[PDB]
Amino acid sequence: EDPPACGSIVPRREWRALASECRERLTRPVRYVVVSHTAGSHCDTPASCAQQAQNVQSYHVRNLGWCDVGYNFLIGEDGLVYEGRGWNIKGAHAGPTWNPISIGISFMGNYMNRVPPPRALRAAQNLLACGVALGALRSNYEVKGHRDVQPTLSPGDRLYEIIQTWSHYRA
């Protein structure tokens, strides 16, 4: 019953998220984390980043007919984590084989030629450790890059470069 406050996550409520229609649950503890980037434009302020989390959701919900933004979490260059489908709802970010067994976090921006600032990277790792402390992720979870499970440039070369060094990454 150990209680920690590892969630310095901006709530859907707070980034003006449209309401989710998703009902399918992940079974904890989740063993995989798949890292992607939106490939889109980036933000570096709480205000713009909240606004960007919105556009990403608008795209998935309005243009694509999805029950909610596809990621469980989004990482801003502002150093904040934006709540997506969360720890308990199966996301739609890495395909039918990986979605039901993973948490998909995506960095807001295109990282083919830039690396996300340290605070975005710090936000991501602290987010994952958080998950472990909650029991949402296996203490020994594995990190995959989006391009490792689906044909895509995601999460971007430079950021892909970075996640390959991470302690929990696995081929």
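The term rigid core refers to the maximal set of C-alpha atoms that superpose within 1.5 Å between the two forms. Residues carry their position along the shown sequence, with the first being 1.
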Line up the rigid core: which moves more in 9 other deposited structures of this protein, 146-154 or 6-14, by C-alpha RMS? 6-14
Per the PDB record, is the mean Cα temperature factor higher over 18-26 or over 5-13? 5-13
For the higher mean C-alpha B factor in the entry, choose 63-71 or 47-55. 47-55
Scanning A39, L134, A120, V33 for peak Cα temperature factor in the entry gives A39
From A124, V143, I103, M112, which pick has the Cα B-factor that tops the rest in the entry? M112
